[PDB]
Each structure stands twice: as structure tokens, then as C-alpha cells.
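2 protein chains.
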Amino acid sequence: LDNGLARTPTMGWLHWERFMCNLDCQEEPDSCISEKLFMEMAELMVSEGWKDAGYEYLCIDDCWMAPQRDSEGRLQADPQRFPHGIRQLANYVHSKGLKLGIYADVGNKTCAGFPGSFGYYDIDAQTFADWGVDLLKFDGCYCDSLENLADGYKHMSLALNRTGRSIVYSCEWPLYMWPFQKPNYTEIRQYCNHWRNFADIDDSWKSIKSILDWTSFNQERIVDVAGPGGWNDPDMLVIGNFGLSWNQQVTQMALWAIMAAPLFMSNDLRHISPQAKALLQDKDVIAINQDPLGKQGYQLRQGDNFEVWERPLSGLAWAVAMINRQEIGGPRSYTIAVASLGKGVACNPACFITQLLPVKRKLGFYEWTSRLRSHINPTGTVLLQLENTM
Amino acid sequence: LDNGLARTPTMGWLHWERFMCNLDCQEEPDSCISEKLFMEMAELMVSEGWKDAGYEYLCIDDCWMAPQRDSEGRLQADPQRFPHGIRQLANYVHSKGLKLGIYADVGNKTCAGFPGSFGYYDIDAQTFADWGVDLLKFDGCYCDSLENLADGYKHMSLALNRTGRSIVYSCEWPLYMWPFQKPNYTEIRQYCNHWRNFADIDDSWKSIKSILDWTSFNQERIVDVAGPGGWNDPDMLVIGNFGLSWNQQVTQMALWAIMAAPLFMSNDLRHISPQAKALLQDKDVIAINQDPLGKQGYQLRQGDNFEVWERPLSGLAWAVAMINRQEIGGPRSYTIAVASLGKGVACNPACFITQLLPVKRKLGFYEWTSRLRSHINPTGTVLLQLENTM
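This is the structure we're talking about:
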């Protein structure tokens, strides 16, 4: 989508995975989906230099809206949970130098069961533009057919442009299209700033394995189309929570960088290990995700429970990631010919590799003839960055 | 097994999960199964007060032996990897105040492919007793029938007593009996200090889930036989490595305690997060595992992705463990009537509950009538200990 936006993969925070559809502010006023929660996440994104580090988009997901529409046919925030409404919430967020996402659904309802947008795209866009929204996540629950779905996504996309406001448009289109026929990715790219491809993420290594595995098994399909203004979305960063171990969290952050994926954390910024904050804010790592070139990485090699992934960067740099998939034993040793690495370009004649993760130790100079030996952790990843002599 | 040993569940360290069958001391001298490894683990068990904390058995698993037997028909250490042999290694360990485990296999071979003990039980026991072995793990690979397997386990047990030395006898008997018929647990209890019931553990929550689930799906069978001198073995502690998050590691430690399991660590004592150490050495928690009573705990309640486990202790105490099995969202609240707890005894009339894990906060006094409210982390467990007013 050529709205001149998402020129690099969007970074921000999205409530869904961690905060789900919680409507109880009796007994749990803390996880409750309410302004006080966004207002507090906003307040914090500033304090702990998430914003400094590049996360700009405070995103609301499903369950913000009241049971039904008002008198004019418009949506509204839930009266009791967003007493002040969105215009004001937006307002507040902006003031802290941030940007606001909201969520809606192509069909007759959101996935939560709340009002959908079928028949209302024109009006609904306007509302959003009106409130000062900066990003919209459109979901695909509850709709007739692929015909309709395909049209809603398009029609909504058009509408948002018509409102004349910059709004990052994040679509769940492709996901809903299987298994009814592969999606035309070039089509979607023309309408969406980014798109959800596979299942939902939850707090598990299983989840992560399977997203990686699927993105992996499907690369020709998707790796090529990705580029400035239109990214593949493998889903949120769950680093921070309860499900993944350290090496597994590095596996995520490393592979979301290789993937030129958007980076929306779903976690609780109010209680977060300080080493999860460390990872999630790694400059060099974020820079890889954010590489201005925008070419999406891919899986090079596979087998003996190891995976090799690599991504071309600007200035003849590359990122390489080695995952250990063996969930037993201790850290394993792995070696590749530095020549079979960055297409055979990076390290001809000479190479400068700094390991970025899990540590950031500079390894030396590597000859075109040289081999890279490295030790990987069970379920972890080694992420390296390569430079040239040139 | 009435050898007056394992009167509480054995604590030590076993190489297998973390170190597996690693024979390359060329390129990996550090994981290589070698005396230097045990020597060094021994060295460290003392330094970092693993021994202080209760872990006493330094255990060798598969792959310590030479390709075949010597001239007299005895086993022998691999010449190159155990230049000094076992008698000396044993010796060294004892001096540090520790006890030495070894591994052998009922059939024609070990699982690694190395020499089995079919036809050699009598001699082989003697060899072990000779070296100063304090524990034997007998495995069940490569043998004809249940007929034979059943006999080897018995015969070996007999033989070890005959040597006249104290040797903890750790059997893999029941495991090799399915799916060929349920095992007679009373029978096994007469010959083994403890026994492996389910599949092998690896570094994953999957593994942990599935052991828990299976032990749980099978309690009547096994829960009741366990007592002093004869324990159910759900396999090693993998806390310390790469696979499990914090809350998952607490789930293991808590649950292995409830399960009156032996505690054999398989991790690298040389590189270990210092908060994995904390947990692994939690006195209070260790206590529960070692409760002198020796009644094994069990799963009380189940569902809505929660689990309730409890164990009777001495002096009318009980441990309760609550597991949150839901791998999405945030921490959940759970409540039980304190009355429905320790069979209804514990907290009649009154109750003193201190949470042991994941923190060790004292909660108040609880009335017989009282409810326990608690909040569990996705994939975590809350471990509570309950005392009486009496």
C-alpha cells in the first residue's frame, strides 16, 4: 500500500495476546480493557524509552466498543470502560509523542462478537479519521464469502485514503483466505501496509516453532513481495511474559528481525523482567528489523535440527541467524562455509562478523575461504551481522 | 526394596539429559563424557553447596564403558575417556564427601550400543561393589521378552545384595513393560529403590506437561505403592538449561516435590543462572520432597485449564500446588474452599498457609470455613504449605 507509510516494519504495542478480551473491572481492574490501561501503557512507553527505542504505535485490539452502534450509525467506545471516548484518548497519546491504533472487522461482527463493519466502511473510516486514529487493524471474522471479504478489505482501504488522513492499514486478509485458495499477495500488497498470514500467536515455544516453520515452508510465496510500505506479519512479540525461556525469547526477537516483521509487543510494560526489556530494545537487533533497504530474509539451510536464516541489508551487509531446534542435550556446535553464506557475496574477499545475540561479541575477520564455527543453545538462535572490506 | 536405603527420594546429579552420549573430545572436550567432567561436577557440588542442600549422588549414565569386555569377562571404563578407571574416580568422589552412581542395562546391550549385562549379572554386580559404586541405574534396552527382562531386574537386585554392599537400585523396569501388560508395582517395589514409569524427559515444557499428565492419568496404579525405600521416578530435573521459562521451572520443582520424586539434576553446574540455583536449592521446597513421612501426593482437582495437587506431610502438614495450564493471556485468579483441601483435615478448625513458590510470602490464618484465593501464572504453579492450630 502506497500511502507513503510503514516504509519500515511498524513498531508498537498491541494489547491482545497479553490482555485478551477482559471485561471484568470489578474483580480485576488491572487487566480490564479500559482507558486506564492504555493511558498507563502510553505513560510508560515514554518513561522506559520504548519510544526512544522505536515503538511508536499504542494499539487497541478487540473489545473496545460498546455492544452496538449509536443513533447516527457510528461505533462508540464502551461507555463505562472508555468513559472519555477515543478522540480524547487519541489526543492524550499524541501529546506524549505517540500514535494510536484501533481495531475493527470486515464482516458482520468482530471476533469478540461486537459490531462489525459490513455496510459501514465509508462511515466507519470517517469516524476513525475523525478521532485521530493513526493505524487500524482490520480482522476477518463473521463474513459470508471470499468474494465479500476480498471486497471489504479493498473498500475499507480505499475509504481510509478518502478520509485524507495517514492511517497505517494492517490487514488480516490473507489468513482468512486459506484454505479457500491461496491469496494473491501482489493484490494484498496494493491495499495493505501489512498482513497476517498464519494462525495466532500464544505464549509458547510451540507457537513460535510453528510460525517459523510455516513462514519457512512458504517463502517463495511471500518473501519476495515484502518491501517498503508492505510487510508480512507473523504476529506479536510475546517476549516479556511467561511462556518462553531466554533462548526462546532470543529466537523470537532474532527471527522477527530476519523476517522484516512488524514489531508489536503484547506484554505488560508495568511488570517486565529487566532482561526482557534489554532484548526488546537491542539497538543493533532493532536496526536489522528496521534496515532501510527493506528486503525480507529467508531460510537458507535446514536439517540436523539446525536452521540457517539470513537477510540482505543496506551497504552490502547481511544478518545471519542460526537456530538450534534440538530440545535435548546441551549447546551444539555448528559450522558453515562463509562463502556459501550471503549468496557468496558477503565475505568476498573478506568479512567482518560481529555476533549480535545472544551476546554481541565481535568475532574476527573471515576470509572468503574461512569457516564459521558457532555454538547454539537448545531452542536458541545465534544472530550475526556481516560487513565487507570493500 | 528393603536394603534400608532411599528412605527418602534420592537426590543427586545425572549427566544424561544435559550431556547425552557425547564421545568427541577432539572438538568438544567440554561436553565429552570423561572423568574430567565428573571430577569437575563433583568438585562443584561441594563448592556451591549442592551437597549442603541435599544432592549427594554423582551419577554416571550411558557411554562410560569400553567397546567390549576384558579378559576376565568384566566391563571396563573407556580407556581414553576414563584413563584412571572407576575405582579411582569413585575414590575421588567419596573423598569430597559424595556418592557415585553407575549405569548398566538388563539386556544384550545398553541403549548406546555398548555391552549389556545379560548372562553377567553375578560378575557385574561384584565389579561394581568392587569399585565402590553407591548407586546403579539399570536400563532395559535390547532384550528378548518380558519374561527375560522381568528376570534380569530381579536377578540383578539379588546379586547386588549378595556383594554385601549398600547400593541404591534404580530400575527402568516398569517402562519397558508397557505396552505388553501393566506392571505389578508391588512386585517391582520389592526389588527396586525406584523406577522409571513414563517416557524420557527432554528440555521442554511439552515433556513436562506430558509426564505430569500421565502420572496424573495413572495415580491409583502408582501413587499408593510409593513409600520409604521405594519411589516412583518421573525422571530428571532439567531446571537450569534452555528449555523452560521461570514459571515452567517452578512447575517442575514444585511438582517433583508433590510427587515424592527422586531429584537427579541433569544440567551444567559450571554455567547455571543464579536464580535456577536458588530454586534448585529451595530448602522449604526440598523439605517437602523429603518429607520423612513418605506418602506420595496426587492430583485433587482438574479443569478450566487449572490443576490442583496436594501431598500429606508429617505432623499434619500438607503441600498444595496449583497449576495454570492456560498458555495465553495473563495470570489467572483461582479459589478453593480451604475445607475441600487436605482431605478436610488440614484447616480444621484452623490453618496457617505460607506460599512457598513462586515466592514465600506468609498468607494469614485460614478458618475451616475460609476460602483460599490465589493468582497463578500461565504455565506456572503456586506451591503452598499448610499447618494446624491443634
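Chains as they are written, first to last, in UniProt numbering: chain A, 32 to 421; chain B, 32 to 421. Built from N, CA and C at the ideal position, the CB exists for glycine as well.
Short of 6 Å in beta carbon distance, which residues of its chain neighbour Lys326 of chain A, apart from the five on each side in sequence? Order them along the chain. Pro343
Which chain A residues sit within Cβ distance under 9 Å of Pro265 of chain B? Here the premise fails: no neighbours, minimum Cβ distance about 17 Å.
So, does the CB of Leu275 of chain A fall closer than 8 Å to a CB anywhere in chain B? yes
Given 8 Å, three or more beta-carbon pairs between the segment 149 to 160 of chain A and the segment 187 to 197 of chain A: yes
What residues in its chain sit with their C-beta under 7 Å from that of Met96 of chain A, if we drop five residues either side in the sequence? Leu106, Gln107, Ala108, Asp109, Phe145 and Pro146
Output the boundary residues of the beta strand (DSSP E) element that contains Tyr173 of chain A. Note, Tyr173 of chain A: premise wrong, no beta strand (DSSP E); not H, not E.
Note down the Cα distance separating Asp231 of chain B from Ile354 of chain B, rounded to an integer number of angstroms. 22 Å
Hey, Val254 of chain A and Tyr329 of chain A: beta-carbon distance below 8 Å or not? yes
Starting from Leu68 of chain A, follow its DSSP beta bridges and name the residues at the other end. BP columns for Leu68 of chain A are empty, so no partner.
Hey, could you find the ends of the beta strand (DSSP E) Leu131 of chain A is sitting in? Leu131 of chain A -> beta strand (DSSP E) spans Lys130 to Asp136.
Listed from N- to C-terminal order along the chain, which residues in the segment 176 to 200 of chain A have their beta-carbon within a distance smaller than 8 Å of any beta-carbon of chain B? none
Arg301 of chain B to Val199 of chain B span [Cα, whole Å]: Distance between the alpha carbons of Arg301 of chain B and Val199 of chain B: 26 Å.
Please work out which residues of its chain come closer than 8 Å, Cβ to Cβ, to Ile319 of chain A, disregarding the five sequence neighbours upstream and downstream, and give them in chain order. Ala288, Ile289, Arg342, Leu344, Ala350, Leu387, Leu414 and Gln416
First and last residue of the alpha helix (DSSP H) that includes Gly116 of chain B? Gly116 to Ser126
Endpoints, beta strand (DSSP E) assigned at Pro343 of chain A: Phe337 to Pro343 is the span of the beta strand (DSSP E), which, as asked, contains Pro343 of chain A.
Could you tell me which whole alpha helix (DSSP H) segments of length 4 or greater appear in the segment 261 to 302 of chain A? 277 to 289
In chain A, which residues lie less than 9 Å from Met51 of chain B when you measure between Cβ atoms? Per Cβ cutoff of 9 Å: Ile359, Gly360 and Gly361.
Where does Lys240 of chain A fall in DSSP's three states? Helix, per DSSP.
Nearest residue (CA-CA) to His46 of chain B, options A:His406, A:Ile359, A:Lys314 and A:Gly395: A:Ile359
Excluding the five sequence neighbours on either side, which residues of its own chain have a C-beta within less than 7 Å of the C-beta of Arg49 of chain B, listed in chain order? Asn272, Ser297, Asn298 and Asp299
Write down the C-beta distance between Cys202 of chain A and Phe169 of chain A rounded to the nearest angstrom, noting that I regard them as a contact closer than 8 Å. 5 Å
Sheet register partners of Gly85 of chain B (DSSP bridge): Paired residue(s): none; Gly85 of chain B is not in a bridge.
Let me know the secondary structure DSSP gives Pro409 of chain B once reduced to three states. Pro409 of chain B: strand per DSSP, three-state reduction.
In terms of residues, what are the limits of the alpha helix (DSSP H) holding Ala309 of chain A? The continuous alpha helix (DSSP H) containing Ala309 of chain A extends over residues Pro305 to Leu311.
Can you confirm whether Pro259 of chain A, when its beta carbon is compared against all beta carbons of chain D, has any partner nearer than 8 Å? The displayed structure is made up of protein chains A and B, and chain D is not among them.
Looking only at its own chain, which residues have a Cβ that is under 7 Å from the Cβ of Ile242 of chain B, when we skip the five neighbours before and after it? Around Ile242 of chain B: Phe229, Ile232, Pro265 and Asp266.
What residues are listed by DSSP as bridge partners for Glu74 of chain B? According to DSSP, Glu74 of chain B bridges with nothing at all.
Going by C-alpha to C-alpha distance, which of B:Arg118, B:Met51, B:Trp262 and B:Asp175 sits closest to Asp165 of chain B? B:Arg118
Please report whether the beta-carbon of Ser247 of chain B lies at a distance below 8 Å from any beta-carbon of chain A. For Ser247 of chain B, the answer is no, since every Cβ of chain A falls outside 8 Å of its Cβ.
Hey, would you say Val281 of chain A sits closer than 8 Å to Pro389 of chain A, going by beta carbons? yes
Simplified DSSP state of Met208 of chain B, which is helix, strand or coil: helix
When Cβ atoms are compared, which residues of the segment 84 to 113 of chain B fall closer than 7 Å to chain A? Correct list: empty, as no residue qualifies.
Measuring CB atoms only, is the segment 303 to 312 of chain B touching the segment 78 to 85 of chain B, in the sense that at least three cross pairs come out at less than 8 Å? yes
Quick one: what's got a C-beta closer than 7 Å to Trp245 of chain B's C-beta in the same chain, skipping five residues either side? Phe229
Between which two residues does the alpha helix (DSSP H) harbouring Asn320 of chain A extend? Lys314 to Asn320
For the alpha helix (DSSP H) holding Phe159 of chain A, just list the boundary residues, first then last. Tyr152 to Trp162
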